[PDB]
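Working through the structure, step by step
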Amino acid sequence: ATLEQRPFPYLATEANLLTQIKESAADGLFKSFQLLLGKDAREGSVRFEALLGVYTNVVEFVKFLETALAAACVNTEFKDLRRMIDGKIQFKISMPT
Amino acid sequence: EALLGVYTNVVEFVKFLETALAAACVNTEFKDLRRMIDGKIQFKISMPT
Amino acid sequence: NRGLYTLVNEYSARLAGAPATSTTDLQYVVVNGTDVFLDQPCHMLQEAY
């Protein structure tokens, strides 16, 4: 590999060699909750620190019935493929002269 | 995402009134040293016999 | 030598490799590399016309 030949080559230089420089204490989160040991901490007990991450949504694609590809295929939904082996269609053409 | 362990130091506070060095002292609240003649606070001594 | 996605994020901001001055008579070297607004593409494609 070495930075190339991979899915999503724009996120190459951002994800790979920038996070090696920065992530020395893992502090890109939003601190929300703390677990103070007891009613009164006195700054001596080990305080737990609860963090919050940042995740984006998966880029959604609406199913192809809104695409005009449905013209190319009549679509009968089918209930058991492990039960059908070899479906078939038979034509019978009478031919005048 | 995962957690952190906060460890802070605790140092015991110092107050000069609290330490018992103050028996070598008379600790008096005071306002103005700026109204004193130099080198001169007298006190009279009587040694009756 | 670096990959080109570094080279796009470097070309837009960094100064050149010892470029030439403007507004003065001879082509001087720039040493006050803080004011000249040149964007030379002779680097990246390595050319001479």
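So, a few notes on the structure that sits alongside this text. (Residues numbered from 1 in each chain as written, not as in the entry; some residues may be left out. Chains lettered and ligands numbered in written order. Part of a larger assembly, values for the part shown. Heavy atoms only, no water.)

1. Thoughts on unusual backbone geometry
Negative phi characterises most residues that are not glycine, and trans characterises most peptide bonds. Definition in use: For the purposes of this entry, the term helix denotes a DSSP run of H or I that reaches at least four residues, the term strand denotes a run of E that reaches at least two, and both are numbered from the N terminus.
We note that A:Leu3 has phi near 80°; this positive angle belongs to a residue other than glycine. Tracing the backbone shows A:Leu3 in the segment before α1 (12–15).

2. Re the arrangement of the chains
The cut-off we apply is this: For this analysis, residues touch if any pair of their heavy atoms sits within 4.5 Å.
By number of contacts, the leading pair among the 2 pairs of chains in contact is chains A and B. At their nearest point, the C-alpha atoms of chain B and chain C are still 30 Å apart, with no contact between the two.

3. A look at the interface of chain B and chain A
Test applied: By definition, the buried area sums, over both parts, the 1.4 Å-probe accessible area that each loses when the two are put together. Salt bridge, as applied in this entry: a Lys or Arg side-chain nitrogen positioned within 4 Å of an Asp or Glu carboxyl oxygen. Any N or O atom pair separated by 3.5 Å or less is treated as a polar contact, with the protein-specific requirement of one donor-capable and one acceptor-capable atom, and with residues adjacent in sequence counted only for side-chain atom pairs. By the convention used here, strands pair only if DSSP detects at least 2 bridges between them.
Opposite the 10 residues of chain B that make contact, chain A presents 12 residues. Across the interface of chain B and chain A, roughly 940 Å² is buried in total on both sides, 53% from carbon and sulfur atoms. The largest contributions to the chain B side of the interface with chain A come from B:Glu1, B:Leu4 and B:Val6, which together make up 53% of the buried area. Taken together, the links from chain B to chain A amount to 0 salt bridges. Seen at the junction of chain B and chain A, the total is 3 residue pairs in polar contact. Both strand β2 (residues 47–50) of chain A and strand β1 (residues 4–6) of chain B contribute to a ladder of 3 bridges, which runs antiparallel. Bridging across to β1(B), A:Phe48 finds its partner in B:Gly5.

4. Notes on the layout of surface pockets
Basically, it comes down to this: Here a cavity is any set of points on a 1 Å grid over the protein atoms alone where a 1.4 Å probe fits but cannot get out, and a pocket is any open set with protein on both sides within 12 Å along at least 5 of 7 lines; a residue lines the site when it has an atom within 4 Å of a point. Grid points are joined across faces, edges and corners, and a volume is the space filled by probe spheres set on the points. Under the grouping applied here, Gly and all other residues not named as nonpolar or charged are polar, the nonpolar ones being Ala, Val, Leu, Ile, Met, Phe, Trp, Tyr, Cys and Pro and the charged ones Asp, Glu, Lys and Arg.
Taken as a whole, the largest pocket holds about 490 Å³ of empty space. Along the walls of the largest pocket sit 19 residues, with A:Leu3, A:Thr13, C:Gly3, C:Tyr5 and C:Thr6 positioned nearest its centre. Of all the secondary-structure elements, those providing two or more residues to the lining of the largest pocket are α1 of chain A together with α1 (4–11) of chain C. Top contributing element to the lining of the largest pocket by residue count: α1(C), with 5 residues. Here the residues of the lining of the largest pocket are counted per class, giving 7 nonpolar, 7 polar and 5 charged. By volume, the second largest pocket amounts to about 380 Å³. Along its surface, the second largest pocket is lined by 20 residues, and C:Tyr11, C:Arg14, C:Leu15, C:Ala16 and C:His43 are the ones closest to its centre. Split by residue class, the lining of the second largest pocket holds 10 nonpolar, 6 polar and 4 charged.

5. Describing the sheet that holds β1(B)
Paired through backbone hydrogen bonds, the strands of a sheet run either parallel or antiparallel to each other. Using the following cut-off: For helices, the axis comes from a line fit to the C-alpha atoms of the stretch in contact; other axes are also lines fit to C-alpha atoms, and the angle between any two N-to-C directions lies between 0 and 180 degrees.
Across the sheet, 3 strands lie side by side as β1(A)-β2(A)-β1(B); this open sheet has antiparallel pairing. The sheet terminates laterally at β1 (33–35) of chain A together with β1 of chain B, the two strands that pair on one side only. Here the average twist between neighbouring strands, direction ignored, is 30°. Pairing geometry for β1(A) and β2(A), over 3 bridges, is antiparallel. For A:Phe33, the partnering residue across the bridge sits in β2(A) and is A:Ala50.

6. A word on a nonpolar patch on the surface
Residues and elements named next belong to chain A. What counts is decided by this rule: Residues enter a patch when their relative accessible area is above 30% and they make no salt bridge; the linking distance is 9 Å between like charges and 5 Å between nonpolar side chains (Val, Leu, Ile, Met, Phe, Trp, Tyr). Accessibility throughout is a Shrake-Rupley quantity obtained with a 1.4 Å probe, and a residue counts as covered only by protein chains that appear here. Only protein chains enter the calculation, and the probe is 1.4 Å; a residue is then buried if its accessible area is under 20% of its type maximum, exposed if over 50%, and partly exposed in between.
Together, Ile89, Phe91, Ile93 and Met95 make up a nonpolar patch on the protein surface, roughly 600 Å² of accessible area in all. Note that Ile93 resides in the segment after β2. You can call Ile93 exposed: its relative accessible area is 68%.

7. Some points on the environment of A:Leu3
All names here are of chain A. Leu3 sits in the partly exposed class, given a relative accessible area of 28%. Put simply, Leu3 and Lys88 are 85 residues apart on the chain and 49 Å apart in space, counted from C-alpha to C-alpha. What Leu3 contacts, discounting residues up to four positions off in sequence, is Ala12, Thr13 and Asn16.

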